[PDB]
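Here is the structure we will look at.
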Amino acid sequence: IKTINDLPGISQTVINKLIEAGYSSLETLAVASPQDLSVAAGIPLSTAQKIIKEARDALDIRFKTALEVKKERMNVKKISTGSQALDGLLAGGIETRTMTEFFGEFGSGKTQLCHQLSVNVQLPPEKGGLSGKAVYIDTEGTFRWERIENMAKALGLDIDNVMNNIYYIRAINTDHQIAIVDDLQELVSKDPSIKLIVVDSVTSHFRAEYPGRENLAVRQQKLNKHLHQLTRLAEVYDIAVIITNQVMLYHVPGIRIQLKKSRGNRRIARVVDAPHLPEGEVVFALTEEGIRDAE
Amino acid sequence: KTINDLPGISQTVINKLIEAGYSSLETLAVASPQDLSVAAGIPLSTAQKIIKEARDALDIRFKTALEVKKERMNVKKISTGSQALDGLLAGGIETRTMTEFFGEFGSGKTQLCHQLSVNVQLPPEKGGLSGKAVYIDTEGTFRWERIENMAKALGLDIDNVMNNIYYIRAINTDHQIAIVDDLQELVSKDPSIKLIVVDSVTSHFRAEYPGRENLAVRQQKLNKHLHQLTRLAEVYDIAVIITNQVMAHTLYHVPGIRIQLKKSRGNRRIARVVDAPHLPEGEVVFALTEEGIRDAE
């Protein structure tokens, strides 16, 4: 589980005293001292040691054998982000048969991330990829054929071959965005090499062509349908769908990661929504080489 | 393009589609045959067709990232300030060609002209062409202030910005004509100019040749004037923008590209491609800010 509010045998009254004391994340609780938590939250010592137990337990730490672990890695295939940190957070990388969302303020690293993945995807399972192609649906004109270049170089790959494996299409508005997605089903069947679908800023045009709280219902109706569509595609055709949303509540997306800007080059990525992923934030950086770990 | 051009479709339904509010193909391409059948009062079987034929009509082609990059070094455009509007115009106002912006008073034509008479000076990295502009002012619309604000928002030098904009009042058609004539010198004297802006080209003609009595000659003259500005843009590799103020059988027009602007909820505005060879039809929305021309929300 995630979030404190979901802590077992816990009163909803202390849940405040915990968030009023600055204890928002479970991983922060998991390692706190019962004593200091008792004093800082103004809660009975006996209960501190409990929410800390419940919190640590919520992390799901499992000491597997080196063999058993090796077994599970061949059992599954993911695209690596380029940052072991971020990968770890994501239990390996971007999964197929599923849609992952990356949301956050402008410049949090969501774009770079999209590009980065539109390249690693082409790499072989040994180096972090899936020997496949990518479809980059460009919603707001963010694609930097330059950024794909640097990323490419640093990998010792062939710039032009890299660019040749990235299907590109600008989506000028919702109607076109919807259509483009609709014709996707053919593409994937026409070229089963495709493994990565990237729709940067999916919600974007909708908030634009359906502004205000007056359209809220239709905006969601239309968007949810657009998303339920991309999800299926990913599932049926065994590929990974990635979408980024740019924010500053009844979501469809499977996995949701939030990105935040940190001291200059650095950035933080946290698992918000996810069924199989354990909560926690990790730190990575935006380099020229691409998406790497900090320091 | 356009609905009346839909294959195997009766001209009878073409009306129930325009009377139901389905003007553009892109609106059809994503509608529900079901709802379309109720809204237009058309056989369910015909709806799913109009939509099939409509979706096909959008011309969706999944090009390779490489071929696209090739097309970018091949051409250079001026950015409108709204990534929306630029998307609609496949990058921006193109050179070697004339683009018209027409619409009711306040649709954003003016703002747009000013915004372009500044973005033109920006370097290719920021969306410009590191060039100057000629602003032929037909009805006294230039706002030395509006250039200022737009200028600031770009962290540019007010003074310098204004020094890279050639300005000239064109009091009547005859002067408008002369002015354009002498343009050939200017562009040759100063090859840095890259944006010609004639706001309200048709204006003086409609005034000096009013009524349905002169319409023929009014257009004979105006079209000759436009063919003129077009050539200039082509020959001297620059961009000519003209704006026309209209209020709201395939009619003949000279202008390469034509976009219609409409007012929307207060701040917002809609821009749609009407005439265009290489531009795919569809309307997008943008807004009028103090900063200048930007996207909405």
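All residue names refer to the structure tokens as shown: chains lettered A, B, ... in order, residues numbered from 1 in each chain, ligands numbered from 1 in order.
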Exercise. So which residues touch residue 39 in chain B within 10 Å, counting only C-alpha atoms, skipping near sequence neighbours fewer than 6 positions away, as a ChimeraX atom specification?
Worked result: /B:16-17,19-22,33
Which residues of chain B are close to chain A, meaning at most 7 Å apart when you count only C-alpha atoms, and how do they look as a PDB file with C-alpha atoms, in the first residue's frame?
```pdb
ATOM      1  CA  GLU B  26     -11.894  16.680 -38.222  1.00  0.00           C
ATOM      2  CA  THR B  27     -15.028  17.115 -36.139  1.00  0.00           C
ATOM      3  CA  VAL B  30     -13.880  11.467 -34.320  1.00  0.00           C
ATOM      4  CA  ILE B  60      -2.727  11.087 -41.071  1.00  0.00           C
ATOM      5  CA  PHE B  62       3.218   8.426 -39.512  1.00  0.00           C
ATOM      6  CA  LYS B  63       6.496   9.805 -40.846  1.00  0.00           C
ATOM      7  CA  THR B  64       9.897   8.852 -39.592  1.00  0.00           C
ATOM      8  CA  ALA B  65      11.653  11.232 -37.201  1.00  0.00           C
ATOM      9  CA  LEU B  66      14.538  11.336 -39.627  1.00  0.00           C
ATOM     10  CA  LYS B  69      14.221  16.516 -39.355  1.00  0.00           C
ATOM     11  CA  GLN B  83       2.613  26.730 -30.179  1.00  0.00           C
ATOM     12  CA  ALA B  84      -1.027  26.045 -31.027  1.00  0.00           C
ATOM     13  CA  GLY B  87       1.142  23.750 -35.065  1.00  0.00           C
ATOM     14  CA  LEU B  88      -1.806  24.730 -37.144  1.00  0.00           C
ATOM     15  CA  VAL B 284      -6.852  25.415 -33.089  1.00  0.00           C
ATOM     16  CA  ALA B 296      -4.757  29.657 -24.062  1.00  0.00           C
ATOM     17  CA  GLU B 297      -4.943  28.366 -20.497  1.00  0.00           C
TER      18      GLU B 297
END
```
Exercise. Mind checking DSSP for range 186-283 of chain A and telling me the alpha helix (DSSP H) residues as a PyMOL selection string?
Worked result: chain A and resi 186-190+204-209+216-236
Exercise. Got a sec: who's within 9 Å of residue 245 in chain A, counting only C-alpha atoms, leaving out chain neighbours fewer than 4 positions off, as a ChimeraX atom specification?
Worked result: /A:101-105,110,200-204
Residues as selected, N, CA, C and O atoms, written as a PDB file, in the first residue's frame, can you do that?
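In the end it all went to selection24.pdb:
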```pdb
ATOM      1  N   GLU A 101       2.351   7.111 -16.482  1.00  0.00           N
ATOM      2  CA  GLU A 101       2.244   8.557 -16.610  1.00  0.00           C
ATOM      3  C   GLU A 101       3.354   9.222 -15.842  1.00  0.00           C
ATOM      4  O   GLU A 101       3.754   8.716 -14.804  1.00  0.00           O
ATOM      5  N   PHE A 102       3.853  10.344 -16.372  1.00  0.00           N
ATOM      6  CA  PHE A 102       4.895  11.123 -15.721  1.00  0.00           C
ATOM      7  C   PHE A 102       4.368  12.507 -15.677  1.00  0.00           C
ATOM      8  O   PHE A 102       4.254  13.100 -16.729  1.00  0.00           O
ATOM      9  N   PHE A 103       4.018  13.011 -14.487  1.00  0.00           N
ATOM     10  CA  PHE A 103       3.483  14.358 -14.390  1.00  0.00           C
ATOM     11  C   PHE A 103       4.230  15.251 -13.473  1.00  0.00           C
ATOM     12  O   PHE A 103       4.870  14.797 -12.552  1.00  0.00           O
ATOM     13  N   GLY A 104       4.158  16.543 -13.752  1.00  0.00           N
ATOM     14  CA  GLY A 104       4.872  17.498 -12.943  1.00  0.00           C
ATOM     15  C   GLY A 104       4.951  18.849 -13.603  1.00  0.00           C
ATOM     16  O   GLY A 104       4.464  19.042 -14.710  1.00  0.00           O
ATOM     17  N   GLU A 105       5.577  19.790 -12.905  1.00  0.00           N
ATOM     18  CA  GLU A 105       5.725  21.147 -13.409  1.00  0.00           C
ATOM     19  C   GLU A 105       6.648  21.160 -14.610  1.00  0.00           C
ATOM     20  O   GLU A 105       7.411  20.229 -14.823  1.00  0.00           O
ATOM     21  N   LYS A 110      10.129  15.635 -17.517  1.00  0.00           N
ATOM     22  CA  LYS A 110       9.274  14.722 -18.243  1.00  0.00           C
ATOM     23  C   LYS A 110       9.569  14.620 -19.722  1.00  0.00           C
ATOM     24  O   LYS A 110       9.484  13.536 -20.309  1.00  0.00           O
ATOM     25  N   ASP A 200       3.307  12.809 -25.439  1.00  0.00           N
ATOM     26  CA  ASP A 200       3.718  13.879 -24.537  1.00  0.00           C
ATOM     27  C   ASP A 200       2.619  14.911 -24.343  1.00  0.00           C
ATOM     28  O   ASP A 200       2.168  15.514 -25.296  1.00  0.00           O
ATOM     29  N   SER A 201       2.183  15.107 -23.107  1.00  0.00           N
ATOM     30  CA  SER A 201       1.145  16.084 -22.794  1.00  0.00           C
ATOM     31  C   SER A 201      -0.186  15.685 -23.391  1.00  0.00           C
ATOM     32  O   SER A 201      -0.775  16.442 -24.164  1.00  0.00           O
ATOM     33  N   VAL A 202      -0.662  14.501 -23.029  1.00  0.00           N
ATOM     34  CA  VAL A 202      -1.929  14.014 -23.526  1.00  0.00           C
ATOM     35  C   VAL A 202      -3.103  14.887 -23.128  1.00  0.00           C
ATOM     36  O   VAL A 202      -3.928  15.233 -23.977  1.00  0.00           O
ATOM     37  N   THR A 203      -3.192  15.252 -21.853  1.00  0.00           N
ATOM     38  CA  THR A 203      -4.309  16.082 -21.393  1.00  0.00           C
ATOM     39  C   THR A 203      -4.342  17.509 -21.958  1.00  0.00           C
ATOM     40  O   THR A 203      -5.388  18.146 -21.987  1.00  0.00           O
ATOM     41  N   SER A 204      -3.194  17.987 -22.424  1.00  0.00           N
ATOM     42  CA  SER A 204      -3.027  19.341 -22.936  1.00  0.00           C
ATOM     43  C   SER A 204      -4.084  20.011 -23.784  1.00  0.00           C
ATOM     44  O   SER A 204      -4.636  21.039 -23.406  1.00  0.00           O
TER      45      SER A 204
END
```
Exercise. What's the 12 Å shell around residue 263 in chain A, counting only C-alpha atoms, without same-chain residues fewer than 6 positions away, as a PyMOL selection string?
Worked result: chain A and resi 108+283-286+294-295
Problem set entry | Contacts of range 186-202 of chain B at 8 Å (only C-alpha atoms; same-chain gap of 4+ positions) as a VMD selection string | chain B and resid 95 110 113 117 120 129 to 139 141 182 206 222 236 to 245
Once you have the residues from the selection above, write them out as a short mmCIF file (atom, residue, chain, number, x, y, z; two decimals), in the first residue's frame, restricted to N, CA and C atoms.
```
data_model
loop_
_atom_site.label_atom_id
_atom_site.label_comp_id
_atom_site.auth_asym_id
_atom_site.auth_seq_id
_atom_site.Cartn_x
_atom_site.Cartn_y
_atom_site.Cartn_z
N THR B 95 8.16 31.86 -45.56
CA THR B 95 8.66 32.90 -46.47
C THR B 95 8.39 32.39 -47.89
N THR B 110 -4.66 42.17 -35.77
CA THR B 110 -3.67 43.18 -35.40
C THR B 110 -2.61 42.66 -34.45
N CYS B 113 -0.14 40.66 -36.24
CA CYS B 113 0.79 41.37 -37.10
C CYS B 113 1.91 41.95 -36.29
N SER B 117 5.91 41.12 -36.13
CA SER B 117 6.90 42.10 -36.49
C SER B 117 7.95 42.16 -35.41
N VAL B 120 10.04 38.00 -35.81
CA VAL B 120 10.87 37.89 -37.01
C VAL B 120 12.33 38.20 -36.68
N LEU B 129 14.04 34.72 -37.54
CA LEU B 129 14.86 34.61 -38.75
C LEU B 129 15.94 35.67 -38.76
N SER B 130 16.15 36.32 -37.62
CA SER B 130 17.15 37.39 -37.47
C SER B 130 17.05 38.37 -38.61
N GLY B 131 15.83 38.83 -38.86
CA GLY B 131 15.55 39.77 -39.92
C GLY B 131 14.72 40.93 -39.41
N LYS B 132 14.42 41.88 -40.30
CA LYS B 132 13.64 43.07 -39.98
C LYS B 132 12.24 42.95 -40.56
N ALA B 133 11.44 43.98 -40.36
CA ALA B 133 10.09 43.95 -40.89
C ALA B 133 9.63 45.29 -41.43
N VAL B 134 8.72 45.21 -42.39
CA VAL B 134 8.14 46.40 -43.00
C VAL B 134 6.67 46.34 -42.62
N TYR B 135 6.21 47.37 -41.92
CA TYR B 135 4.82 47.40 -41.50
C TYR B 135 4.08 48.47 -42.25
N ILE B 136 3.39 48.08 -43.32
CA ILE B 136 2.62 49.05 -44.10
C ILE B 136 1.27 49.23 -43.42
N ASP B 137 1.11 50.39 -42.79
CA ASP B 137 -0.08 50.71 -42.03
C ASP B 137 -1.14 51.43 -42.85
N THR B 138 -2.16 50.66 -43.18
CA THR B 138 -3.27 51.07 -44.01
C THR B 138 -4.31 51.96 -43.36
N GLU B 139 -4.72 51.62 -42.14
CA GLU B 139 -5.74 52.38 -41.43
C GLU B 139 -5.31 53.02 -40.11
N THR B 141 -3.27 51.56 -37.52
CA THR B 141 -3.47 50.57 -36.48
C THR B 141 -2.24 50.31 -35.59
N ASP B 182 7.86 50.56 -54.62
CA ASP B 182 9.18 50.91 -54.09
C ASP B 182 9.72 49.84 -53.18
N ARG B 206 -11.97 48.82 -50.98
CA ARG B 206 -13.38 48.79 -50.68
C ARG B 206 -13.91 50.20 -50.48
N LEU B 222 -7.25 45.15 -56.75
CA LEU B 222 -6.74 44.50 -55.56
C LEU B 222 -5.95 43.21 -55.88
N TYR B 236 12.33 37.66 -53.57
CA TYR B 236 13.26 38.10 -52.52
C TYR B 236 13.29 37.29 -51.23
N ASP B 237 12.72 36.10 -51.28
CA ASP B 237 12.67 35.19 -50.15
C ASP B 237 12.23 35.79 -48.83
N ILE B 238 11.09 36.46 -48.81
CA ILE B 238 10.60 37.00 -47.55
C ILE B 238 9.16 36.56 -47.33
N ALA B 239 8.62 36.94 -46.18
CA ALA B 239 7.27 36.60 -45.83
C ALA B 239 6.33 37.83 -45.85
N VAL B 240 5.22 37.69 -46.58
CA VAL B 240 4.24 38.74 -46.69
C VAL B 240 2.99 38.26 -45.97
N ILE B 241 2.52 39.07 -45.04
CA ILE B 241 1.33 38.80 -44.30
C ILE B 241 0.40 39.93 -44.60
N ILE B 242 -0.86 39.59 -44.81
CA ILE B 242 -1.87 40.61 -45.06
C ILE B 242 -3.03 40.20 -44.21
N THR B 243 -3.80 41.17 -43.74
CA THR B 243 -4.97 40.87 -42.94
C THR B 243 -6.14 41.54 -43.61
N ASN B 244 -7.30 40.91 -43.54
CA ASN B 244 -8.51 41.42 -44.19
C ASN B 244 -9.62 41.36 -43.16
N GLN B 245 -10.41 42.41 -43.08
CA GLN B 245 -11.46 42.42 -42.09
C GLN B 245 -12.81 42.09 -42.66
#
```
Using only C-alpha atoms, determine which residues lie at most 6 Å from range 79-89 of chain A, disregarding the query and same-chain residues fewer than 3 positions distant; provide the list as a PDB file with N, CA and C atoms, in the first residue's frame.
```pdb
ATOM      1  N   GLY A  92      12.753  -1.832 -12.264  1.00  0.00           N
ATOM      2  CA  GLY A  92      13.318  -2.344 -13.491  1.00  0.00           C
ATOM      3  C   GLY A  92      13.315  -1.346 -14.630  1.00  0.00           C
ATOM      4  N   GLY A  93      12.166  -0.742 -14.902  1.00  0.00           N
ATOM      5  CA  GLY A  93      12.095   0.218 -15.987  1.00  0.00           C
ATOM      6  C   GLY A  93      10.664   0.380 -16.431  1.00  0.00           C
ATOM      7  N   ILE A  94      10.476   0.877 -17.649  1.00  0.00           N
ATOM      8  CA  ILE A  94       9.122   1.058 -18.138  1.00  0.00           C
ATOM      9  C   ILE A  94       8.597  -0.283 -18.611  1.00  0.00           C
ATOM     10  N   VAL A 121      14.683   2.266 -25.920  1.00  0.00           N
ATOM     11  CA  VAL A 121      13.761   1.246 -26.445  1.00  0.00           C
ATOM     12  C   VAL A 121      14.393   0.459 -27.567  1.00  0.00           C
ATOM     13  N   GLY A 128      19.338  -2.748 -21.764  1.00  0.00           N
ATOM     14  CA  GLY A 128      18.209  -2.035 -21.210  1.00  0.00           C
ATOM     15  C   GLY A 128      17.024  -1.815 -22.107  1.00  0.00           C
ATOM     16  N   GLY A 129      17.099  -2.219 -23.367  1.00  0.00           N
ATOM     17  CA  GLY A 129      15.972  -2.012 -24.267  1.00  0.00           C
ATOM     18  C   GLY A 129      15.116  -3.226 -24.615  1.00  0.00           C
ATOM     19  N   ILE A 291      19.260  10.958 -19.549  1.00  0.00           N
ATOM     20  CA  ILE A 291      18.750  10.721 -18.211  1.00  0.00           C
ATOM     21  C   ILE A 291      19.729   9.828 -17.483  1.00  0.00           C
ATOM     22  N   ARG A 292      20.375  10.361 -16.448  1.00  0.00           N
ATOM     23  CA  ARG A 292      21.319   9.567 -15.660  1.00  0.00           C
ATOM     24  C   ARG A 292      21.020   9.765 -14.178  1.00  0.00           C
ATOM     25  N   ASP A 293      21.863   9.189 -13.325  1.00  0.00           N
ATOM     26  CA  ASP A 293      21.704   9.327 -11.884  1.00  0.00           C
ATOM     27  C   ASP A 293      22.480  10.568 -11.468  1.00  0.00           C
TER      28      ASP A 293
END
```
For this session: Looking only at strand (DSSP E) from DSSP on the backbone, list the matching residues of range 74-139 of chain B as a list in words.
Result: residues 77, 78, 93, 94, 97, 98, 99, 100, 101, 102, 132, 133, 134, 135, 136 and 137 of chain B
For this session: May I ask for the distance between CA of residue 213 in chain A and CA of residue 263 in chain B, given in Å to one decimal place?
Result: 20.3 Å
